[PDB]
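Asks: If you scroll down you'll find the structure; I have some questions about it.
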Amino acid sequence: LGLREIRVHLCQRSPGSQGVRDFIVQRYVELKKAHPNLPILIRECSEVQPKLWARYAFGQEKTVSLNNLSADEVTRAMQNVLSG
Amino acid sequence: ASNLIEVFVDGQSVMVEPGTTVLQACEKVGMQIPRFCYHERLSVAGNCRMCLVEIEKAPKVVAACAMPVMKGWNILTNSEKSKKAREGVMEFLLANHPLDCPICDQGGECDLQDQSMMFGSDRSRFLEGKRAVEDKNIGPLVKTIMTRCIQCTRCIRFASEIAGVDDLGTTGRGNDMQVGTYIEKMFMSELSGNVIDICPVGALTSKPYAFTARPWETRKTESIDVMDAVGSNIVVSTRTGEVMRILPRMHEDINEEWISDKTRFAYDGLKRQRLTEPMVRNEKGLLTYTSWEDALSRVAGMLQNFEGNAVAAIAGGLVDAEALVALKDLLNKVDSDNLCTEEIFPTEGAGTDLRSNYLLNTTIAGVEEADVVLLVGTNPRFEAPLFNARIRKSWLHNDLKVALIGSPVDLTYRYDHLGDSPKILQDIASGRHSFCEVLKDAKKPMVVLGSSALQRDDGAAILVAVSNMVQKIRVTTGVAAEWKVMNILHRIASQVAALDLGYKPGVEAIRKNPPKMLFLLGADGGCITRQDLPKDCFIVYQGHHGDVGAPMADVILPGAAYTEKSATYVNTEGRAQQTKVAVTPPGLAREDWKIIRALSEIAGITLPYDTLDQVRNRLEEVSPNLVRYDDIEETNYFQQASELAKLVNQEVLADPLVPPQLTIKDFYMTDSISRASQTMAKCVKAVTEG
Amino acid sequence: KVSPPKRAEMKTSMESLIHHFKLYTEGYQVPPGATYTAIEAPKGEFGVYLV
Amino acid sequence: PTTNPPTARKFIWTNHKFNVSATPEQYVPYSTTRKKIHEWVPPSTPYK
Amino acid sequence: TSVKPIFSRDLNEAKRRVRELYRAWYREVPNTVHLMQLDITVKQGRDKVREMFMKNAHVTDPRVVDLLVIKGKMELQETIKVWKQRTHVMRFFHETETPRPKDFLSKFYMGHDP
Amino acid sequence: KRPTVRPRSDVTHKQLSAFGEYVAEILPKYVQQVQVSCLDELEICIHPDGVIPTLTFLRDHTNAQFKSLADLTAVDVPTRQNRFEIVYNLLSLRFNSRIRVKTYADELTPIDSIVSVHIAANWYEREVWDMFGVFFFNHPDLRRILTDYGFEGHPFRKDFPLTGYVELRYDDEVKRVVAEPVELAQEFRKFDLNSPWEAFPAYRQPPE
Amino acid sequence: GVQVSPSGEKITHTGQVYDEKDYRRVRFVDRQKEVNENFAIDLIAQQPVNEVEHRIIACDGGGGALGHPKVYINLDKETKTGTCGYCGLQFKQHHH
Amino acid sequence: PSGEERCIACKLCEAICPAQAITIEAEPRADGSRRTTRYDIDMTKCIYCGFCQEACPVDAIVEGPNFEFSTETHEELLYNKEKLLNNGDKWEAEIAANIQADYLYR
Amino acid sequence: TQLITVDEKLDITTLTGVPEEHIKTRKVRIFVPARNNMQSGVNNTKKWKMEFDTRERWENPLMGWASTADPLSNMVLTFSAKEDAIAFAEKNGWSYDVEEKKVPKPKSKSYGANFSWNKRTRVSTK
Ligand code: SF4
Ligand code: SF4
Ligand code: SF4
Ligand code: SF4
Ligand code: FES
Ligand SMILES: [K+]
Ligand SMILES: [Zn+2]
């Protein structure tokens, strides 16, 4: 149940990744301040769907598609992943 | 047609730029003019006179390799004058060329033989005695039979321009003019097998490859080199299921036409000290051969015994991303996050979270594009020889301004040595330096920080100091947002893929929480041993060479090599490439991800994939850029990484930045294959004693 | 470039050795095209269609 | 070969041998190349 | 995406030809087993014919189904007038070949073949 | 004049060009291309729908009288959509001439058999079907003629392996001749016998 | 010369010999492994060095067309005899 | 005539061998000469066409006049370098005479 | 009347006669072959090639020859176009990996650069 890893896959140029890009620009830094032991791996590619992976203990992974989600509900999805 | 001129090849019109040569226009049309001395990456020499072609309404044939097209020229390439000129030039070459074709390593690879058959006459009129030239001993890598030399100065131009040694040349005059070294001098720099590549005749041959195979019988497999983190595209030449040769591949964005000497001649280490069967410790404490079932059953029993921080893994250098994600998934299913690498990167601040924090963001075309390059704590000539070759190419052509912070090493070009202290980073970031005002004069800077420099104790402090310096540079110079200044140069093939997959760099987690069960995925650096490991620790080493990790292991699992498996490796640029299968692993050795998956199945936690394509699917769902082969998609968020770096509050040490590789003797042996290679042993002996 | 030279010429001359090497390793290149050559075989008409 | 004997060479067999098939002195083929891949030799002393 | 039919306009009469060919093969299997002195029984020969048909059953292109029907008629006719011998008929069963199990552990224990 | 160069007569080239124009304008419905080679050989490339009218016209015309079929073959070029090129070489004894008729097919479009026009086409089309898998409509008996009984696959295709997929051996346990997946004691060593230098500039293809 | 292994098996001129525990010597059980007795390296080592008067010598192996292709050997090094790449004959320039 | 092997490991015989019956492996010898480590010719694969002996540039491989070498096993026709050198040493008194008689034609 | 519609991917694996192992388990490579750097000619870099993945080649116990067990080891197919190779691979049902044609970058070659007044392109020898 304990969170081990957060992976954010986005695009450098896509309408669906615009909110994810905005979230990483304005809010990733203090997220890393709040959790400076958790790997939030930011991976960006040309033609990938905006996707969020939460790896918990013993290899379980929860997958959240955040295609065409703007910054504030991307933030609340991240908060729901961090809390539960 | 702005700034373009119309020319004709055999009557066919074509637009060309000004300064385009006749040969370049002909190959733009689609015909390859014959050549012996022209190389498109060397300077124009114009001496072999084989590229003589006839221009229409011109009485004298011109050399296409040197003469530029003027305007409206009709280049009659297949005219009678051109054919007669080619026949005469081949006759003059083969007049004094020696009858050495059966005893020649250039059997079917001979430009002279092929151009003879395609353009020269079919018989000789030379009734005189041929000349003969005594041979040289320029090293144990290049065998010289100088009687075959046709004096095209390709080796001399390569050594002058790309190798940057100025050691070869022509001594004498006329027919007695000999290519070589006047004194008994041993020509051994890095990038020295490319003279064997570019010598068209068999005068400069490979001494490990001497009298071994033939080009028609050798099969060609296009793969990737893992000896460094450049990721040079290569051809493995394999005959009858045995690796026979390594050649470069043409890739203009990575390695151009050349590969390093370690890459070219370290292939013979794959025939010695190879792990072929699984082995386990017996009751006497000695390694004995056993079956795959028994070895994997022992490891699976231990893996079922332990969990959590008690299980850990360390990844070496010649490790593919497939086995990396396999071991990561296995330790994640036993709930272990101690997936460490031998190579150290600072985890403070952004760490490996942002991909731009540990990448050569400017890339090698950006090395060609830049104007000033500041190298911090690295020796690129031995850490990444093709990277240094591209720096020297930019230094020759674009007048690149190079400066170095670190120990003064010979980089085969003249640079500005700012000093070896790391306090110069603070000085430049503050803005009270002569090279700081040089940077503020410059427009497109490029700061390359070495992973060897990051290996130090104050690696985080060095990284955050360089990041602050780069941020100050971008503030004070006003560069474009598309231009990337910060770059990290790696010397480890597996490091970038492991950092992308989420491995924590360095064994600091291993030292903090010593595990009772350890995996050594190709780990031969000796970073973690049994002295700082607990006494009743179970070590399993999965690898292809038994060098440092196998003798200290309880179970040895023979994996595959980069020539023996199809594998994913990510270079310093972040570009992912895949090696193809050239040969098969010897004995009972298998593919590494297959070994890990079978071990997981026996342990009872089955990994959700069975085939290599499914492994690539898992790689994509972890980080979807290890499947974008030969793709150079750019990264961002350097502002965020620099902000986290600024909030990191470490301070640098007073130790000078000394790279581990100060000399080519340190360059020649770096990993297990180089240490097991006899050719690198001969090279070390030659550069130390001879 | 089609028929191999004599053995003495091969062992004496450079071009003859080169042509012997290339003919007995790779062989002569035939220009592309198709022909149907038929001769009067003793058993009838022997035909060869080469592409 | 009594008026015109053959050229004498030191490597020519001085004793002719007939067909030695199905005899103990018959020909048995083998690979004339040596070992190509050299296996790693584990140490003879225990780590502990 | 428009092509020339071979014999069948669509999948319906192609399946009709398949049914006719299967009918004639089912008729010929006992005669084959009796005439060519096969060690097999009538039941497993019909099972062999049926699972050959199910092996080919995944295709729905009418041209490919027509060509498969044509090839099946050639095989059947070759069995009607006995040119295909006992060895050629027994080649369908692979009784002299050790099969390869499809599990990852066994394919790992044998060799490098995926 | 030159003792090493084959002598050339242009009267045959002119005659074959005239006859090619003749056939092309007589049958514009089917004839797609007409060429005369440097060897003075006439090739007429036709649509597959006109194989029967073209062969019948060439056999029964007063000016053609191509009553003898030299051979019937197929060439597998697996880079074009219709990968099998069917070639009919015909001989005219009345006019002492030879002609070649070409057509195309792929794996799924059969072409009309010419058994009604020439009787050797029976066995020749049986050979073409057995070696390449090109079906022939309205054939008397289309079946294998050269391969083994129950041989699976068409072996003269380019993608078919040289050694094949199965090999025969006598098994004493079943007392039979059985087929195994093929294993070679020595693998066939492929040779890359292609010079990197262009041989014939007359056949230099334009760049893509 | 032909030498024997500790196994008792003769070693060929290529240096090939079977190991003690190698099973492939059962093909030589009740038969013989034939090794060519005349070793070419020893036979060419027995040949005396031809003492010539020229800076560049020509070799065809003897017999003209019956030998190897004609090559030229440059005898400039006085510390090393020039070896024919085909026949292995050694030549030395007479500088006295 | 010195006793050195005529073969120089140049692989044209196996390059021209139409049945692919010749297998050659080579390495420099202890004195640095270019010699073969393996020279196998399969009699059961050979078609006895003389292409090797007419492509050999140094008259090393020859088709000598021996034809009464039928064996009772398939293995004995799988020749190697030692067997071929033994045949050359046995038949040198006749092979050299035949080459002397005929070499002016070829 | 003589023209029907088919909306599929042109699968002929049931008619090729290839065993299902050598269809499903094989991977093919579609690529323009790299120029052999020991030569300078570029005539072998004009046509696209399809090859198969390398399988096991072991040692014969009798002669030491390279023994193989797969038939598609020497199978190399030549195509005039990448799309033609794609169509052939999808038609025969083989899974493909395709890499684009690596063309040499155009280069500014100037013979007068070897004798410059101030640039570093001046050579010290010829
Ligand atoms: S370099 Fe070429 S022409 Fe010269 S001996 Fe070697 S193969 Fe013959
Ligand atoms: S050694 Fe080779 S590259 Fe150098 S000048 Fe001579 S032929 Fe040219
Ligand atoms: S004679 Fe025999 S070994 Fe010689 S080339 Fe012909 S088939 Fe090959
Ligand atoms: S036998 Fe002759 S052709 Fe064959 S490798 Fe030896 S020298 Fe060359
Ligand atoms: S290629 Fe131009 S003269 Fe050499
Ligand atoms: K060379
Ligand atoms: Zn000699």
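Residue numbers (the entry's author numbering), protein chains in the order written: chain S, 13 to 96; chain 3, 5 to 694; chain D, 329 to 379; chain q, 98 to 145; chain W, 17 to 130; chain C, 7 to 214; chain 7, 1 to 96; chain 9, 73 to 178; chain Q, 8 to 133. Ideal Cβ placement from N, Cα and C applies to all residues, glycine included.
1. Using a C-beta cutoff of 7 Å, does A76 (chain C) count as contacting chain D?
2. Taking only runs of the beta strand (DSSP E) that begin and end inside the region 78-146 of chain 9, which ones reach a length of at least 3 residues, in chain order?
3. Would the region 62-78 of chain S count as touching the region 26-34 of chain 3 if we require 3 or more Cβ pairs under 8 Å?
4. How about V205 (chain 3) and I154 (chain 3): are their beta carbons less than 7 Å apart?
5. Mind pulling the chain 3 residues with CB within less than 9 Å of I56 (chain 7)?
6. Helix or strand or just coil, what does DSSP make of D82 (chain C)?
7. Is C153 (chain 3) near ligand 5, in the sense that its beta carbon is under 6 Å from a heavy atom of that ligand?
8. What's the C-alpha gap between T356 (chain 3) and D659 (chain 3)?
9. Can you pull out the residues from the region 138-158 of chain 9 whose beta carbon lies closer than 7 Å to at least one beta carbon of chain q?
10. With a Cβ-Cβ cutoff of 7 Å, do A299 (chain 3) and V323 (chain 3) count as a contact?
11. Taking only beta-carbon atoms, is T79 (chain C) less than 7 Å away from chain D?
12. Mind checking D165 (chain C): buried by the 16 CB within 10 Å criterion, or exposed?
13. Does the region 9-18 of chain C come within contact of the region 123-130 of chain W, defined as at least 3 CB pairs closer than 8 Å?
14. Which whole-angstrom value describes the C-beta separation of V587 (chain 3) and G245 (chain 3), a residue pair presumed to lie in contact below a C-beta threshold of 8 Å?
15. Extract the residue ranges of the alpha helix (DSSP H) inside the region 70-130 of chain W, only unbroken runs of 4 or more that lie entirely within it.
16. Is the distance from the Cβ of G50 (chain 3) to the Cβ of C69 (chain 3) below 7 Å?
17. Quick one: give me the first and last residue of the alpha helix (DSSP H) that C440 (chain 3) is part of.
18. Nearest to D180 (chain 3) by alpha carbon, out of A136 (chain 3), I202 (chain 3), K211 (chain 3), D171 (chain 3)?
19. If the cut is a Cβ gap below 7 Å, which residues of chain D does residue 252 (chain 9) touch?
20. Look at the Cβ atom of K112 (chain Q), then the Cβ atom of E256 (chain 3), and state whether they are nearer than 7 Å.
21. Using the DSSP secondary-structure output, state which residues sit across from residue 100 (chain S) in a beta bridge.
22. Whole alpha helix (DSSP H) runs in the region 32-110 of chain Q with 4 or more residues, listed along the chain?
23. List, in order along the chain, the chain C residues whose C-beta lies closer than 8 Å to that of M106 (chain W)?
24. Starting from the N-terminal side, write out each stretch of the alpha helix (DSSP H) that is 4 residues or longer and does not extend beyond the region 8-93 of chain C.
25. I'd like the list of long-range same chain contacts for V303 (chain 3), defined as Cβ closer than 7 Å, with 5 residues on each side in sequence excluded.
26. Quick check: the Cα distance between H13 (chain 7) and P137 (chain 9), rounded to an integer number of angstroms?
27. Measuring straight from C-alpha to C-alpha, what distance separates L661 (chain 3) and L378 (chain 3)?
28. Could you tell me whether any non-hydrogen atom of ligand 2 is closer than 6 Å to the CB of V652 (chain 3)?
29. Give the list of continuous beta strand (DSSP E) stretches no shorter than 3 residues that lie fully inside the region 523-550 of chain 3.
30. I'd like the list of long-range same chain contacts for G381 (chain 3), defined as Cβ closer than 6 Å, with 5 residues on each side in sequence excluded.
31. Any idea if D445 (chain 3) is buried or exposed, counting beta-carbon neighbours within 10 angstroms, 16 or more meaning buried?
32. With 16 as the cutoff for other CB atoms within 10 Å, does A70 (chain C) come out buried or exposed?
33. Hey, out of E486 (chain 3), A593 (chain 3), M490 (chain 3), whose CA is closest to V468 (chain 3)'s CA?
34. By the three-class DSSP mapping on this structure, what secondary structure does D118 (chain C) have?
35. Which residues in the same chain as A89 (chain S) place their Cβ atom closer than 8 Å to its Cβ, once the five residues preceding and following it in sequence are excluded?
36. Of all the CB atoms in chain 7, is at least one closer than 7 Å to the CB of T365 (chain D)?
Replies: The structure says:
1. yes
2. 94-100, 106-114
3. no
4. yes
5. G133, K134, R135, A136
6. strand
7. no
8. 26 Å
9. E140, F141, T143, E144, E147, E148, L150, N152, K153, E154, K155
10. no
11. yes
12. buried
13. no
14. 6 Å
15. 78-96, 102-106, 120-126
16. yes
17. 438-445
18. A136 (chain 3)
19. Nothing can be reported for residue 252 (chain 9): it is not among the residues displayed for chain 9, which extend from 73 to 178.
20. yes
21. The question about residue 100 (chain S) has no answer, for chain S in this structure spans 13 to 96.
22. 89-99
23. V180, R182, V184
24. 16-32, 57-66
25. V544, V559, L603
26. 26 Å
27. 14 Å
28. no
29. 542-547
30. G410, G454, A457, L661
31. exposed
32. buried
33. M490 (chain 3)
34. strand
35. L64, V76, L78, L81
36. no
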